[PDB]
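Q: Dropping in input-v2.pdb, which is PDB, N, CA and C atoms:
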ATOM      1  N   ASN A1135     -11.446  21.081  -2.087
ATOM      2  CA  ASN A1135     -11.532  20.090  -1.020
ATOM      3  C   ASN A1135     -10.509  18.997  -1.283
ATOM      4  N   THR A1136      -9.754  18.637  -0.254
ATOM      5  CA  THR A1136      -8.741  17.598  -0.394
ATOM      6  C   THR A1136      -9.353  16.267  -0.832
ATOM      7  N   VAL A1137      -8.755  15.665  -1.858
ATOM      8  CA  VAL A1137      -9.106  14.331  -2.332
ATOM      9  C   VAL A1137      -8.019  13.406  -1.808
ATOM     10  N   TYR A1138      -8.422  12.350  -1.113
ATOM     11  CA  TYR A1138      -7.478  11.484  -0.420
ATOM     12  C   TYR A1138      -7.066  10.321  -1.309
ATOM     13  N   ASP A1139      -5.768  10.190  -1.566
ATOM     14  CA  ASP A1139      -5.280   9.068  -2.353
ATOM     15  C   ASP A1139      -4.962   7.937  -1.379
ATOM     16  N   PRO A1140      -5.597   6.763  -1.477
ATOM     17  CA  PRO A1140      -5.339   5.715  -0.475
ATOM     18  C   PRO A1140      -4.003   5.012  -0.637
ATOM     19  N   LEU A1141      -3.322   5.292  -1.758
ATOM     20  CA  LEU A1141      -2.054   4.591  -2.099
ATOM     21  C   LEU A1141      -0.843   5.413  -1.676
ATOM     22  N   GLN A1142      -0.808   6.686  -2.026
ATOM     23  CA  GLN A1142       0.408   7.441  -1.674
ATOM     24  C   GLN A1142       0.484   7.397  -0.152
ATOM     25  N   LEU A1143      -0.656   7.513   0.519
ATOM     26  CA  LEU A1143      -0.577   7.575   1.993
ATOM     27  C   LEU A1143       0.039   6.273   2.509
ATOM     28  N   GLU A1144      -0.366   5.132   1.962
ATOM     29  CA  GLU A1144       0.235   3.840   2.374
ATOM     30  C   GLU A1144       1.719   3.798   2.011
ATOM     31  N   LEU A1145       2.085   4.303   0.836
ATOM     32  CA  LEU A1145       3.491   4.144   0.381
ATOM     33  C   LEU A1145       4.436   4.855   1.357
ATOM     34  N   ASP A1146       4.066   6.037   1.832
ATOM     35  CA  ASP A1146       5.024   6.765   2.704
ATOM     36  C   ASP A1146       5.397   5.871   3.891
ATOM     37  N   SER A1147       4.412   5.210   4.505
ATOM     38  CA  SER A1147       4.628   4.338   5.657
ATOM     39  C   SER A1147       5.825   3.418   5.449
ATOM     40  N   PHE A1148       5.913   2.780   4.277
ATOM     41  CA  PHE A1148       7.018   1.852   4.032
ATOM     42  C   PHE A1148       8.381   2.538   4.054
ATOM     43  N   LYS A1149       8.479   3.759   3.522
ATOM     44  CA  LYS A1149       9.720   4.529   3.530
ATOM     45  C   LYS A1149       9.669   5.718   4.488
ATOM     46  N   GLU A1150       8.876   5.610   5.553
ATOM     47  CA  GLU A1150       8.766   6.659   6.570
ATOM     48  C   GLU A1150       8.390   8.019   5.986
TER      49      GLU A1150
ATOM     50  N   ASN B1135     -13.810 -15.677   4.362
ATOM     51  CA  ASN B1135     -12.947 -16.034   3.242
ATOM     52  C   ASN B1135     -11.944 -14.915   3.009
ATOM     53  N   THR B1136     -10.679 -15.286   2.841
ATOM     54  CA  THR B1136      -9.633 -14.299   2.597
ATOM     55  C   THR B1136      -9.899 -13.503   1.322
ATOM     56  N   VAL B1137      -9.833 -12.177   1.439
ATOM     57  CA  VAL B1137      -9.922 -11.259   0.308
ATOM     58  C   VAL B1137      -8.509 -10.768   0.037
ATOM     59  N   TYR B1138      -8.044 -10.923  -1.198
ATOM     60  CA  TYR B1138      -6.659 -10.618  -1.531
ATOM     61  C   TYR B1138      -6.525  -9.176  -2.005
ATOM     62  N   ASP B1139      -5.679  -8.407  -1.327
ATOM     63  CA  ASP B1139      -5.402  -7.035  -1.718
ATOM     64  C   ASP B1139      -4.095  -7.078  -2.495
ATOM     65  N   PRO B1140      -4.125  -6.753  -3.803
ATOM     66  CA  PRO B1140      -2.919  -6.724  -4.645
ATOM     67  C   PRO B1140      -1.854  -5.775  -4.119
ATOM     68  N   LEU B1141      -2.207  -4.540  -3.773
ATOM     69  CA  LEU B1141      -1.139  -3.581  -3.402
ATOM     70  C   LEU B1141      -0.402  -4.104  -2.179
ATOM     71  N   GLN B1142      -1.120  -4.620  -1.197
ATOM     72  CA  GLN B1142      -0.415  -5.043   0.030
ATOM     73  C   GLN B1142       0.535  -6.163  -0.365
ATOM     74  N   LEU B1143       0.105  -7.054  -1.244
ATOM     75  CA  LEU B1143       1.022  -8.175  -1.524
ATOM     76  C   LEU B1143       2.316  -7.627  -2.139
ATOM     77  N   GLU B1144       2.198  -6.769  -3.158
ATOM     78  CA  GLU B1144       3.396  -6.245  -3.871
ATOM     79  C   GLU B1144       4.196  -5.329  -2.941
ATOM     80  N   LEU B1145       3.517  -4.664  -2.002
ATOM     81  CA  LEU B1145       4.218  -3.784  -1.031
ATOM     82  C   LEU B1145       5.295  -4.611  -0.325
ATOM     83  N   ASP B1146       5.113  -5.934  -0.278
ATOM     84  CA  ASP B1146       6.116  -6.829   0.355
ATOM     85  C   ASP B1146       7.206  -7.178  -0.662
ATOM     86  N   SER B1147       6.827  -7.508  -1.903
ATOM     87  CA  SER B1147       7.827  -7.932  -2.874
ATOM     88  C   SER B1147       8.900  -6.868  -3.038
ATOM     89  N   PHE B1148       8.494  -5.600  -3.149
ATOM     90  CA  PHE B1148       9.488  -4.535  -3.253
ATOM     91  C   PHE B1148      10.273  -4.373  -1.954
ATOM     92  N   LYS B1149       9.603  -4.489  -0.802
ATOM     93  CA  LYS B1149      10.302  -4.408   0.478
ATOM     94  C   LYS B1149      11.405  -5.456   0.572
ATOM     95  N   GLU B1150      11.113  -6.687   0.158
ATOM     96  CA  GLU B1150      12.087  -7.777   0.178
ATOM     97  C   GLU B1150      12.086  -8.517  -1.155
TER      98      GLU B1150
END
Using structure tokens, write down the structure from this file.

A:
Amino acid sequence: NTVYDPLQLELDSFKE
Amino acid sequence: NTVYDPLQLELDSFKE
């Protein structure tokens, strides 16, 4: 089951 | 009362 990292998901936003 | 999120603050320092 996918474990969601709340940080990597936010980081992509800054660098698209 | 403002709750301070560390990651969001630093997400700015690296941006600028």

Q: Excluding same-chain residues fewer than 6 positions from residue 1144 in chain A, what lies within 10 Å of it counting only C-alpha atoms, as a PyMOL selection string?

A: (chain A and resi 1150) or (chain B and resi 1141-1142+1145)

Q: Enumerate the residues of chain B with a DSSP assignment of helix (DSSP H, G or I), computed from the backbone, and present them as a PyMOL selection string.

A: chain B and resi 1140-1149

Q: Around all of range 1138-1149 of chain A's listed atoms, make the axis-aligned box with 3 Å on each side and tell me centre and edge lengths in Å to one decimal, as lines of an AutoDock Vina configuration file.

A:
center_x = 0.6
center_y = 7.1
center_z = 1.7
size_x = 24.1
size_y = 16.5
size_z = 14.0

Q: Give me, please, the distance in Å between CA of residue 1143 in chain B and CA of residue 1147 in chain A, quoted to one decimal.

A: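 Interatomic distance here is 14.9 Å.
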
Q: For a test of reading the model, state the distance in Å between CA of residue 1149 in chain B and CA of residue 1135 in chain B, rounded to one decimal.

A: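 Pair CA of residue 1149 in chain B / CA of residue 1135 in chain B returns 26.1 Å.
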
Q: What does the structure give for the distance between atom N of residue 1137 in chain A and atom N of residue 1146 in chain B, in Å to one decimal?

A: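 Taking atom N of residue 1137 in chain A and atom N of residue 1146 in chain B, their separation equals 25.7 Å.
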
Q: Write a file for chain B of the given structure; include N, CA and C atoms and format it as a short mmCIF file (atom, residue, chain, number, x, y, z; two decimals), in the first residue's frame.

A:
data_model
loop_
_atom_site.label_atom_id
_atom_site.label_comp_id
_atom_site.auth_asym_id
_atom_site.auth_seq_id
_atom_site.Cartn_x
_atom_site.Cartn_y
_atom_site.Cartn_z
N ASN B 1135 -4.40 31.75 16.92
CA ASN B 1135 -2.98 31.99 17.10
C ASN B 1135 -2.20 31.33 15.98
N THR B 1136 -1.26 32.07 15.39
CA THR B 1136 -0.45 31.53 14.31
C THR B 1136 0.35 30.31 14.76
N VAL B 1137 0.25 29.23 13.98
CA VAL B 1137 1.04 28.02 14.17
C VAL B 1137 2.13 28.04 13.10
N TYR B 1138 3.38 27.93 13.52
CA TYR B 1138 4.50 28.07 12.60
C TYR B 1138 4.91 26.72 12.02
N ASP B 1139 4.89 26.61 10.70
CA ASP B 1139 5.32 25.40 10.02
C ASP B 1139 6.75 25.66 9.56
N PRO B 1140 7.73 24.92 10.11
CA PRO B 1140 9.14 25.07 9.72
C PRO B 1140 9.37 24.83 8.23
N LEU B 1141 8.84 23.76 7.66
CA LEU B 1141 9.19 23.46 6.25
C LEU B 1141 8.72 24.61 5.37
N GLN B 1142 7.53 25.12 5.60
CA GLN B 1142 7.03 26.17 4.69
C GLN B 1142 7.97 27.36 4.82
N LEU B 1143 8.42 27.66 6.03
CA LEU B 1143 9.25 28.87 6.13
C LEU B 1143 10.52 28.68 5.30
N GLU B 1144 11.21 27.55 5.48
CA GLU B 1144 12.50 27.30 4.78
C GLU B 1144 12.25 27.14 3.27
N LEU B 1145 11.07 26.63 2.90
CA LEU B 1145 10.73 26.47 1.46
C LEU B 1145 10.89 27.83 0.78
N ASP B 1146 10.78 28.92 1.55
CA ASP B 1146 10.95 30.28 0.99
C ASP B 1146 12.44 30.65 0.97
N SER B 1147 13.17 30.36 2.05
CA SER B 1147 14.57 30.77 2.10
C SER B 1147 15.34 30.20 0.91
N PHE B 1148 15.12 28.92 0.60
CA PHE B 1148 15.79 28.35 -0.56
C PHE B 1148 15.27 28.95 -1.86
N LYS B 1149 13.96 29.19 -1.96
CA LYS B 1149 13.41 29.82 -3.15
C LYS B 1149 14.06 31.17 -3.41
N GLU B 1150 14.24 31.98 -2.37
CA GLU B 1150 14.88 33.29 -2.49
C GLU B 1150 15.94 33.47 -1.41
#
